[PDB]
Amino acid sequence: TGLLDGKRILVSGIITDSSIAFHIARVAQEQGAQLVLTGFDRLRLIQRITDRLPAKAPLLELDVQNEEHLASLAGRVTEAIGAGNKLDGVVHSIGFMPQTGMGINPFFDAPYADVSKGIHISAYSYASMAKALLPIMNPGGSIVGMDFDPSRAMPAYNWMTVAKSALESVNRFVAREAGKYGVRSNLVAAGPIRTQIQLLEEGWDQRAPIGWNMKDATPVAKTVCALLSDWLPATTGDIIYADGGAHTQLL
């Protein structure tokens, strides 16, 4: 008798068993949700990985930069869940920024084509996914995406931080559209998960009043399932921080 019993939920973003979306999927199933999964590029590898979930679930291909993939998605989901059935939840757990805009490469050296690809995949796609899927979502449903707090600049993350700032703004507009379908849209801002950079991750655990385990994706997956559930029915266009409370503390 689980949190998400009899809910139909789409989960994107699994590439490995340490992917945040793997753990979102694992916990959702453990809570009685029936899943449809989406994957990008290495679909052979991803079938392998999704087999490790506790229950079978169909795996659809979705490259968020492919307009055909997006145009046909609602139909393909409906064939996999069965006509007359609709989704109750959608999980966006997709993000990418080329190495020129993330890492040791100076901020000013990122060419715009790279930044733009990163923003397409990491931010614009959240609207793309909601566009495709809202027509096949039931009232009371929920769309959740994955955020990393971009309110302050930080070393290394650079243009990925910019892209997450874009995502948060995207999420607010998607909530206006989702509202029309009685559907909620929110992001979970997670702490750093091991799916300058080490000094940033070590600072997290000390700021977090309850600590932060960067090797454990479960507290993040649980928070996403909270948002997929009926238990936060008045929250939309918002961000829930699953970060051990680190963003609430200066030192």
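What we label the rigid core is the largest C-alpha set whose atoms superpose within 1.5 Å from one form to the other. Numbers for residues come from their place in the sequence shown, where the first is 1.
Colleague: In 7 other deposited structures of this protein, superposed on the rigid core, which stretch sits farther off in Cα RMS terms, 198 to 206 or 52 to 60?
Modeller: Higher root mean square deviation of C-alphas in 7 other deposited structures of this protein is shown by 198 to 206.
Colleague: How many residues sit between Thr195 and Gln196 in the deposited sequence but have no coordinates: none, 1 to 3, 4 to 9, or 10 or more?
Modeller: Unmodelled stretch: 10 or more residues.
Colleague: Can you tell me whether 162 to 170 has a higher mean C-alpha B factor than 133 to 141 in this record, or the other way round?
Modeller: Comparing averages over the C-alpha atoms only gives 133 to 141.
Colleague: Compare the mean C-alpha B-factor of 70 to 78 with that of 123 to 131 as given in the PDB entry, and name the stretch with the higher value.
Modeller: Mean B over CA atoms: larger for 70 to 78.
Colleague: Which listed residue, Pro106, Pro150, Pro111, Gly118, has the largest C-alpha temperature factor in the record?
Modeller: Highest C-alpha B-factor among the listed residues goes to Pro106.
Colleague: Which of these has the highest Cα B-factor in the record: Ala55, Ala189, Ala208, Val224?
Modeller: Largest recorded C-alpha B-factor: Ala55.
Colleague: Taking the entry's C-alpha B-factors for this chain, is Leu4 in the lowest, middle or highest third?
Modeller: As the PDB entry reports it, the C-alpha B-factor of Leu4 lands in the highest third of its chain.
Colleague: Would you mind checking where the Cα B-factor of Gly95 ranks among the modelled residues of its chain, as the lowest, middle or highest third?
Modeller: Ranked within chain, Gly95 CA B lands in the lowest tercile.
Colleague: Lowest, middle or highest third: where is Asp230 by C-alpha B factor in its chain?
Modeller: Ranked within chain, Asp230 CA B lands in the middle tercile.
Colleague: Comparing against every modelled residue in the chain, figure out the third that the C-alpha B-factor of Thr236 lands in (lowest, middle or highest).
Modeller: Lowest third - that is where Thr236 ends up once the chain's C-alpha B-factors are sorted.
Colleague: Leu251: which third of its chain by C-alpha temperature factor?
Modeller: Ranked within chain, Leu251 CA B lands in the highest tercile.
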